[PDB]
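Engineer: A structural model of the following input is requested.
(2 chains)
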Number of protein chains: 2
Amino acid sequence: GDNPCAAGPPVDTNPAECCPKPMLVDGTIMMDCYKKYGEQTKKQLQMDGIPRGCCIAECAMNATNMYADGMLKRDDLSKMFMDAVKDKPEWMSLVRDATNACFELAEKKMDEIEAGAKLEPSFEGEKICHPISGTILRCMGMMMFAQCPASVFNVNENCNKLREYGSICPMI
Amino acid sequence: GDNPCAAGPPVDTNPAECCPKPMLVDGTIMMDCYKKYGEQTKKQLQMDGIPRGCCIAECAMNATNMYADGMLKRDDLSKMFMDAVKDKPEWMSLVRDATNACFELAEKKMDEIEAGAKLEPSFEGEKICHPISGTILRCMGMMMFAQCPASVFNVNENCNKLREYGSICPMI
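Structural biologist: Residues are numbered from 1 along each chain as shown, chains lettered A, B, ... in the order given. The protein structure is shown below:
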């Protein structure tokens, strides 16, 4: 009632069911990528200090031949993204916008990412990946929840409470 | 296991319990502003067309003498934000950046923001707000969840899976 942000989220609500977000990179690559590098990233998530590069993310960008020499091909990556939504126009609008946001926003933490990229394995079999991918690939993902197309959003008592929670509460 | 983003989040996990995010605007002001314009804002989420301005935010930006003539006082707001977290240096780093991100992201969607300010009330008794207030503060609100200091975050099974969820699932 009075305190919605006390309550927390709606219980059995899946944001992908509330919002059918598209593949900017093929869904089966990430399943593969996660299963490969999921266990490590979940550790690295709980580490302090300089943030460690997300290996799922570099593994995915490698596969699509977008990453090379510490470099993600922004130029090539965009169109790669533009092509996914050739089939869903309501998303075309968002993705274009989100791209330069993610990239130019990534430009702010260049010095921290540059630091993140130089690190050595925290234990046996830790793969040190360049964090740039995971910036962009997380950034893009978070971005697509945030401005879900009014045309694609799944509306219901739950998903409404869900959109309502996430929309109002962060500032509350 | 393999698909964590299938399972969804844990149900009884508060993102603010996992991260006791600071009040940059008095926690009780938002209660009032929410209590006043809450029903109205929850409608506008479901409305189409040009995005409608968040009034809670505008009301809060008013009360703290930050909103005036359709213009948010960037300088004073900047300064107001430090004053909240002067007592939490672990947040200062974050707060400064989030300030400039939120503003500069708002710089991107200006022509879209401008349209929202010109709209006409959809019926009897709609109060129309400038979307800038709700823009910056929603941006601001999500950011500190997003960059919750490893020093501030509560470590436990839930809060850890939760973090694990939010970092990895958006990109899947």
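Engineer: name the nearest residue to residue A:166, ignoring sequence neighbours.
Structural biologist: Spatially, and ignoring its direct neighbours in sequence, residue A:166 is nearest to residue A:145 (7.7 Å; CB to CB, 6 or more residues apart in numbering or on different chains). C-beta coordinates here come from the backbone N, C-alpha and C atoms, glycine included.
Engineer: report all helices and strands that whichever strand or helix holds that neighbour contacts.
Structural biologist: Element membership for residue A:145 (DSSP states H and E) is helix A:132-146. Judged by 3 or more CB pairs under 8 Å, 6 or more residues apart in numbering or on different chains; DSSP states H and E, helix A:132-146 is in contact with helix A:55-63, strand A:71-72, helix A:89-106.
Engineer: OK, contacts around the residue nearest to residue A:166?
Structural biologist: A:15, A:19, A:21, A:166, B:170 (CB atoms under 8 Å, 6 or more residues apart in numbering or on different chains).
Engineer: closest one to residue A:44 out of those residues, please.
Structural biologist: Closest to residue A:44 out of those is residue B:170 (16.5 Å), distances taken as CB to CB.
Engineer: you'd agree that closest one is up against residue A:138?
Structural biologist: Yes - Residue B:170 sits in contact with residue A:138 when judged by CB atoms under 8 Å, with a separation of 5.6 Å.
Engineer: overlap in contacts, the two.
Structural biologist: Shared contacts of residue B:170 and residue A:138 (CB under 8 Å, 6+ apart): none.
Engineer: so which strand or helix has the closest residue to residue A:169 other than its chain neighbours?
Structural biologist: Among residues not flanking residue A:169 along the chain, residue A:5 sits closest, at 3.9 Å (CB to CB, 6+ apart). When elements are assigned from DSSP H and E, residue A:5 belongs to helix A:4-7.
Engineer: got the contact list for that helix?
Structural biologist: Helix A:4-7 has contacts (CB under 8 Å, 6+ apart) with A:164-165, A:168-169, A:172, B:14, B:16, B:34.
Engineer: take those residues and lay them out in TSV including secondary structure.
Structural biologist: TSV is the format used below for these (DSSP: H, G, I helix; E, B strand; the rest coil):
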residue	secondary structure
A:164	helix
A:165	helix
A:168	helix
A:169	helix
A:172	coil
B:14	coil
B:16	helix
B:34	helix
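Engineer: closest to residue A:125 out of the residues you listed?
Structural biologist: Nearest to residue A:125 among the contacts of helix A:4-7, with distances taken as CB to CB, is residue B:14, at 34.8 Å.
Engineer: how many residues are close by that closest one?
Structural biologist: Residues lying near residue B:14 (other CB atoms under 10 Å in any protein chain shown) number 16.
Engineer: how about it: what's its closest non-neighbour residue?
Structural biologist: Leaving aside its sequence neighbours, residue B:14 sits nearest to residue A:8 (CB to CB, 6+ apart; 4.3 Å).
Engineer: mind checking the backbone torsions on that neighbour?
Structural biologist: With angles defined as degrees, to the nearest 10, residue A:8 sits at phi 90, psi -160.
Engineer: kindly report the same for the one 5 residues further on.
Structural biologist: As for residue A:13, its main-chain torsions (degrees, to the nearest 10) stand at phi -100, psi 120.
Engineer: before we move on, the earlier item: which of the contacts of helix A:4-7 has the most neighbours?
Structural biologist: Top of the contacts of helix A:4-7 by neighbour number is residue A:172, holding 25 neighbours under the definition other CB under 10 Å.
Engineer: for it, give me its contacts.
Structural biologist: For residue A:172, the contact set (CB under 8 Å, 6+ apart) comprises A:4-5, B:30, B:34, B:56, B:141.
Engineer: can you tell me the closest non-neighbouring residue to it?
Structural biologist: residue B:30 is the one closest to residue A:172 (CB to CB, 6+ apart), at 4.7 Å.
Engineer: contact partners of whatever helix or strand that neighbour lives in?
Structural biologist: Here residue B:30 sits within helix B:27-44, counting by DSSP H and E. Residues from elsewhere that reach helix B:27-44, judged by CB under 8 Å, 6+ apart: A:2-4, A:164, A:168, A:171-172, B:23, B:52, B:54-57, B:59-60, B:63-64, B:126-127.
Engineer: can you give me how far it is from the chain middle?
Structural biologist: Distance, stretch centre to chain centre, for helix B:27-44: 13 Å (CA atoms, centre = their mean, to the nearest Å).
Engineer: what angle sits between that helix and helix B:131-146?
Structural biologist: With axes from the mean of the first three to the mean of the last three CA atoms, to 10 degrees applied, the angle from helix B:27-44 to helix B:131-146 works out at 110 degrees.
Engineer: buried residues in stretch A:43-54?
Structural biologist: A:44-45, A:51-54 (16 or more other CB atoms under 10 Å in any protein chain shown).
Engineer: end-to-end on that stretch?
Structural biologist: Its start and end residues considered, stretch A:43-54 measures 11 Å (CA to CA, to the nearest Å).
Engineer: grab the most central residue of chain A for me.
Structural biologist: Central residue of chain A (CA atoms, centre = their mean): residue A:138, 2.0 Å from the mean position.
Engineer: so who does that one touch?
Structural biologist: A:54, A:57, B:167, B:170-171.
Engineer: alpha carbons only: can I get stretch A:74-87 in PDB?
Structural biologist: The C-alpha coordinates for stretch A:74-87 follow below in PDB (Å, rounded to 0.1, in the frame of the first residue of the first chain):
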ATOM      1  CA  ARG A  74      31.600  -1.000 -32.100                       C
ATOM      2  CA  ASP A  75      31.100  -0.200 -35.800                       C
ATOM      3  CA  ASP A  76      30.500  -3.800 -36.800                       C
ATOM      4  CA  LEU A  77      28.700  -4.600 -33.500                       C
ATOM      5  CA  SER A  78      26.000  -1.900 -34.100                       C
ATOM      6  CA  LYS A  79      25.000  -3.300 -37.500                       C
ATOM      7  CA  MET A  80      25.100  -6.800 -36.000                       C
ATOM      8  CA  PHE A  81      22.600  -5.400 -33.600                       C
ATOM      9  CA  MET A  82      20.600  -3.500 -36.200                       C
ATOM     10  CA  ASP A  83      20.200  -6.800 -38.100                       C
ATOM     11  CA  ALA A  84      18.500  -8.600 -35.300                       C
ATOM     12  CA  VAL A  85      15.700  -6.200 -35.200                       C
ATOM     13  CA  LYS A  86      15.200  -6.200 -38.900                       C
ATOM     14  CA  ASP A  87      12.300  -8.500 -37.900                       C
END
